[PDB]
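Heads up, the chain below is alone and in the form deposited in one PDB entry; it's given as structure tokens.
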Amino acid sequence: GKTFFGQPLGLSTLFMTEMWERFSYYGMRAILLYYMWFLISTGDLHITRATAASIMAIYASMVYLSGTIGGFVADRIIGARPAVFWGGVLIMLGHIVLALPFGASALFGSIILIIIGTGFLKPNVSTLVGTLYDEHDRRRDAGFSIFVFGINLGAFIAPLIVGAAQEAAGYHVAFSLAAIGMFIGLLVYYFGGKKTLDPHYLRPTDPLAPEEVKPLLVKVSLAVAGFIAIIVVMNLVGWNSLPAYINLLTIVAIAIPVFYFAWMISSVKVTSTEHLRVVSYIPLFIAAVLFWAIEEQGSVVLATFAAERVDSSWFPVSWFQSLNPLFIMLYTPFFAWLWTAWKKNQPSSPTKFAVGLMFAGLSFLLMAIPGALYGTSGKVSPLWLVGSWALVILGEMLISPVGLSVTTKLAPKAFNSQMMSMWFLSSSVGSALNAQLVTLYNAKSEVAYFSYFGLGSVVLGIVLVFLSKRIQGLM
């Protein structure tokens, strides 16, 4: 019968829903940094550009960290389908706040709404995609491959459309276009989900038991009281600046995997065999952190280079952000044929982590060339950025599909659900690491910034190549 490229027609609803949410999110990311530059130039925002770059990095870090909790909220409390809807309302509200005739006072309110909203939506839309296929359906992998296609599709047209609207009608209209994009998504999701989505997912599939309610309430209350207490003593000591808070969220985002790691490597009930699998995974987790740190600097550091060091007079600078989802859509049909046809001697999944990290380092090493040859005073060809993005995404084609499968294969049965978080949390730690590194990038440190962090990523990819045989053997 009639399908959506061979899959049930319910996929088209979740295709549209996530395409328009990625449209709203990445359409905002393409102009949010430049919007902060504008507020700084008018004296309305009293921070430096290095701090504004840190905000962008720690913003993304909290979004991924929020994406590790929304799955628990839906599957236990509110339900997957209500989490996508109300998550989308919070995202729409976040963009509406920026569309209002406000300035810097609306930045923190808008950021919180999108952080909470994205955590409810992104994990539970992927969850609803799986619910379209009863088990044994081998169309599942092809359906998710089409789902991620709409993800990249929305991330591609958003910087082009939203960036052009900013040049024509200003920032407030451009931010309203992002809110409208989320509005189109909730329209197709609400009315489309009422026809093809299973009504069982209107409630939590694993609701709380009566004896589970009180301990969960105590657990979330102690974490809030402690986090509030940490903020209290900061202002008393005097560490009450915006870089001080960003450092706090940097520490709490990095301590979560560090505490989870020390919590896992120390337990006795795991015995020796599965204990080495956790130790051997540490070189893999740190490599994912370094890659996602480089990949997420495209919307921060590379966006700064595009506006200041590239002669892009005939088009909006924010259009460079479309290069990241463009190469993904171009690389996917090639790598889809590659991994299946390469039956002879396909490299191990740890090696793909190493080569993926080396290519992310080659992307930054490439960016050090124009500043060393021409200097940092003038403008260079826009082809330097399209070559940098081409390299870092080649590293993503090797790391992103293999990444989650690596953590699951090395995960002991007692750490499985927690090990899965370690993979998703590597994106939050990479952006948390960026919140400190992007401050070092400026006009006079361009060549050094790209050289040291680029070579350091290449060297650490060489080290993983050596350690690849030992880690694959444990699998």
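We call the rigid core the largest set of C-alpha positions that still match within 1.5 Å between the two forms. Counting begins at 1, following the sequence as shown.
Form deposited in another entry: not shown, discussed below.
>> Quick check on the comparison between the shown form and the other one: with the core aligned, only one of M36, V438, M56, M419 should show a Cα shift of at least 2 Å. Which one is it?
In response: The residue that shifts is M419.
> If you line up the core, does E212 shift 2 angstroms or more at its C-alpha between the shown form and the other one?
Replying inline: False for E212: its C-alpha shift is below 2 Å.
>> Is the shift of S400 between the shown form and the other one large enough to count as movement, that is, does its C-alpha move by 2 Å or more after the core is superposed?
In response: Yes; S400 is a residue whose C-alpha shifts (by 2 Å or more) between the shown form and the other one when the cores are overlaid.
>> Using the rigid core as the reference frame, would you say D137 shifts its C-alpha by 2 Å or more between the shown form and the other one?
In response: Shift of 2 Å or more: yes.
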